[PDB]
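Here is the structure we will look at.
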Amino acid sequence: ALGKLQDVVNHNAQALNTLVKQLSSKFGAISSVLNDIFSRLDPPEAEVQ
Amino acid sequence: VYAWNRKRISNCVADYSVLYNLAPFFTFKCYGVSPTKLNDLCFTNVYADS
Amino acid sequence: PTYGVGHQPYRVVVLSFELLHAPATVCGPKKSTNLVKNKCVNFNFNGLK
């Protein structure tokens with residue numbers, strides 16, 4: 001029955017891992033790297049992405 | 001139009017400021033913008049058609 | 001030449017580039033400086049900054 005304690009640990013670990021994985025999402029933008037967008041897109045339209 | 005003469009450009013330093021001043025071009029467009037700062041970014045597999 | 005505004009010849013050159021998928025065969029004009037180690041510094045490696 002220690003899985004009950006284990007499940008508490010796993011859920012927090014899983015949720016944190018899900019948050020980390022979300023960074024790679026482009027969210028409809030050109031790329032998921034903040035720096036690359038700015039060098040690729042000029043300030044007049046970079047803020048859109 | 002039929003040919004779509006294309007060039008595979010590689011292994012050289014590319015400066016596009018030459019183009020801007022060249023032959024008083026009366027139109028251009030990038031679809032990836034940053035015409036001023038294209039010169040800073042390195043590129044892979046540059047392929048130009050005319 | 002008479003049909004001035006309408007069908008005067010325009011030459012169009014279109015160049016395409018792929019963005020930092022691999023070592024860059026072609027690069028823009030930028031100087032290179034000596035690297036430093038074990039120092040919290042800004043780095044711009046082949047466009048990856």
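Here, A, B, ... name the chains of the structure tokens in the order displayed, residue numbers run from 1 inside each chain, and ligands are numbered from 1 in the same displayed order.
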
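For residue C:44, the list of residues within 12 Å, based on only C-alpha atoms and with local chain neighbours fewer than 5 positions off taken out, reads residues 35, 36 and 39 of chain A; 40, 41 and 42 of chain B; 30, 31, 32, 33, 34, 35 and 49 of chain C.
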
Select residues of chain C: the criterion is any atom within 10 Å of an atom of chain A, counting only C-alpha atoms; output as an MDAnalysis selection string.
chainID C and resid 19:20 47:49

Could you save those same residues with N, CA, C and O atoms as an mmCIF file, in the first residue's frame?
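This is the output file again.cif:
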data_model
loop_
_atom_site.group_PDB
_atom_site.id
_atom_site.type_symbol
_atom_site.label_atom_id
_atom_site.label_comp_id
_atom_site.auth_asym_id
_atom_site.auth_seq_id
_atom_site.Cartn_x
_atom_site.Cartn_y
_atom_site.Cartn_z
ATOM 1 N N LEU C 19 17.698 27.403 -41.260
ATOM 2 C CA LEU C 19 18.132 28.088 -40.045
ATOM 3 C C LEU C 19 18.723 27.093 -39.053
ATOM 4 O O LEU C 19 17.993 26.394 -38.346
ATOM 5 N N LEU C 20 20.056 27.040 -39.009
ATOM 6 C CA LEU C 20 20.811 26.457 -37.896
ATOM 7 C C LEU C 20 20.374 25.030 -37.573
ATOM 8 O O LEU C 20 20.221 24.654 -36.408
ATOM 9 N N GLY C 47 25.824 31.700 -34.343
ATOM 10 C CA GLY C 47 24.453 32.153 -34.346
ATOM 11 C C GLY C 47 23.644 31.737 -33.140
ATOM 12 O O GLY C 47 22.611 32.359 -32.865
ATOM 13 N N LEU C 48 24.075 30.713 -32.410
ATOM 14 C CA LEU C 48 23.437 30.331 -31.157
ATOM 15 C C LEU C 48 24.006 31.221 -30.063
ATOM 16 O O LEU C 48 25.169 31.075 -29.678
ATOM 17 N N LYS C 49 23.194 32.146 -29.568
ATOM 18 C CA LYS C 49 23.640 33.117 -28.585
ATOM 19 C C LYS C 49 22.974 32.850 -27.244
ATOM 20 O O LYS C 49 21.814 32.431 -27.185
#

Given only C-alpha atoms, how would the per-residue table for chain A near chain B read, listing every residue at most 10 Å away with its closest atom pair and distance in Å to one decimal, sorted by chain and number, as a Markdown table?
| residue | atom | partner | partner_atom | distance |
| --- | --- | --- | --- | --- |
| A:30 | CA | B:32 | CA | 9.7 |
| A:36 | CA | B:41 | CA | 9.6 |
| A:38 | CA | B:34 | CA | 9.3 |
| A:39 | CA | B:37 | CA | 7.3 |
| A:40 | CA | B:34 | CA | 6.2 |
| A:41 | CA | B:34 | CA | 5.4 |
| A:42 | CA | B:34 | CA | 5.1 |
| A:43 | CA | B:34 | CA | 8.9 |
| A:44 | CA | B:34 | CA | 9.7 |
| A:45 | CA | B:33 | CA | 8.7 |
| A:46 | CA | B:33 | CA | 9.6 |

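Residue-level contacts from chain B to chain C at 6 Å, counting only C-alpha atoms, read residues 10, 11, 12, 13, 14, 15, 39, 40, 41, 42, 43, 44, 45, 46, 47, 48, 49 and 50 of chain B.
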
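Counting only C-alpha atoms, residue A:29 has the following residues at most 9 Å away, ignoring those fewer than 6 positions along the same chain: residues 37, 48 and 49 of chain A.
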
Residues of chain B in helix (DSSP H, G or I), written as a PyMOL selection string:
chain B and resi 17-21

Dump N, CA and C atoms for the selected residues as an mmCIF file, in the first residue's frame?
data_model
loop_
_atom_site.group_PDB
_atom_site.id
_atom_site.type_symbol
_atom_site.label_atom_id
_atom_site.label_comp_id
_atom_site.auth_asym_id
_atom_site.auth_seq_id
_atom_site.Cartn_x
_atom_site.Cartn_y
_atom_site.Cartn_z
ATOM 1 N N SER B 17 24.425 43.600 -47.673
ATOM 2 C CA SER B 17 24.433 45.053 -47.790
ATOM 3 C C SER B 17 24.822 45.487 -49.193
ATOM 4 N N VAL B 18 25.555 44.639 -49.914
ATOM 5 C CA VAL B 18 25.859 44.913 -51.312
ATOM 6 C C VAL B 18 24.573 44.995 -52.121
ATOM 7 N N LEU B 19 23.643 44.072 -51.870
ATOM 8 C CA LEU B 19 22.405 44.028 -52.639
ATOM 9 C C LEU B 19 21.567 45.282 -52.424
ATOM 10 N N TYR B 20 21.492 45.765 -51.182
ATOM 11 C CA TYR B 20 20.612 46.888 -50.871
ATOM 12 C C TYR B 20 20.983 48.122 -51.683
ATOM 13 N N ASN B 21 22.273 48.425 -51.763
ATOM 14 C CA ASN B 21 22.734 49.577 -52.523
ATOM 15 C C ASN B 21 22.791 49.313 -54.019
#

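Straight-line separation from atom CA of residue A:27 to atom CA of residue A:11: 24.8 Å.
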
Run DSSP on the backbone and tell me which residues of chain B come out as strand (DSSP E or B); list them as number ranges by chain.
B: 6-9, 13, 43-49

Restricting the output to N, CA and C atoms, write the selected residues as a PDB file, in the first residue's frame.
ATOM      1  N   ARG B   6      18.566  27.948 -60.407  1.00  0.00           N
ATOM      2  CA  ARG B   6      18.823  27.904 -58.977  1.00  0.00           C
ATOM      3  C   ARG B   6      20.300  27.652 -58.723  1.00  0.00           C
ATOM      4  N   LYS B   7      20.804  28.225 -57.637  1.00  0.00           N
ATOM      5  CA  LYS B   7      22.198  28.071 -57.256  1.00  0.00           C
ATOM      6  C   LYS B   7      22.286  27.549 -55.833  1.00  0.00           C
ATOM      7  N   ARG B   8      23.194  26.606 -55.617  1.00  0.00           N
ATOM      8  CA  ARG B   8      23.471  26.071 -54.293  1.00  0.00           C
ATOM      9  C   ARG B   8      24.708  26.777 -53.759  1.00  0.00           C
ATOM     10  N   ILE B   9      24.496  27.757 -52.890  1.00  0.00           N
ATOM     11  CA  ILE B   9      25.565  28.599 -52.372  1.00  0.00           C
ATOM     12  C   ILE B   9      25.993  28.053 -51.021  1.00  0.00           C
ATOM     13  N   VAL B  13      31.437  33.594 -47.153  1.00  0.00           N
ATOM     14  CA  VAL B  13      30.848  34.636 -46.322  1.00  0.00           C
ATOM     15  C   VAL B  13      29.926  35.478 -47.189  1.00  0.00           C
ATOM     16  N   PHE B  43      23.855  30.640 -41.827  1.00  0.00           N
ATOM     17  CA  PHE B  43      22.805  29.902 -42.507  1.00  0.00           C
ATOM     18  C   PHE B  43      23.313  28.538 -42.944  1.00  0.00           C
ATOM     19  N   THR B  44      22.382  27.599 -43.054  1.00  0.00           N
ATOM     20  CA  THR B  44      22.647  26.278 -43.595  1.00  0.00           C
ATOM     21  C   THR B  44      21.858  26.104 -44.881  1.00  0.00           C
ATOM     22  N   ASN B  45      22.510  25.544 -45.898  1.00  0.00           N
ATOM     23  CA  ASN B  45      21.857  25.196 -47.156  1.00  0.00           C
ATOM     24  C   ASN B  45      21.166  26.411 -47.779  1.00  0.00           C
ATOM     25  N   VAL B  46      21.967  27.424 -48.096  1.00  0.00           N
ATOM     26  CA  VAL B  46      21.433  28.584 -48.799  1.00  0.00           C
ATOM     27  C   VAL B  46      21.218  28.208 -50.257  1.00  0.00           C
ATOM     28  N   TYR B  47      20.000  28.417 -50.742  1.00  0.00           N
ATOM     29  CA  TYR B  47      19.586  27.975 -52.067  1.00  0.00           C
ATOM     30  C   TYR B  47      18.794  29.111 -52.695  1.00  0.00           C
ATOM     31  N   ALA B  48      19.361  29.734 -53.722  1.00  0.00           N
ATOM     32  CA  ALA B  48      18.788  30.924 -54.329  1.00  0.00           C
ATOM     33  C   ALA B  48      18.324  30.628 -55.747  1.00  0.00           C
ATOM     34  N   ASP B  49      17.144  31.135 -56.085  1.00  0.00           N
ATOM     35  CA  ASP B  49      16.554  30.967 -57.402  1.00  0.00           C
ATOM     36  C   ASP B  49      16.330  32.330 -58.037  1.00  0.00           C
TER      37      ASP B  49
END

Separation of atom CA of residue B:31 and atom CA of residue C:4, in Å?
28.7 Å

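Between atom CA of residue C:1 and atom CA of residue B:25 the separation is 19.4 Å.
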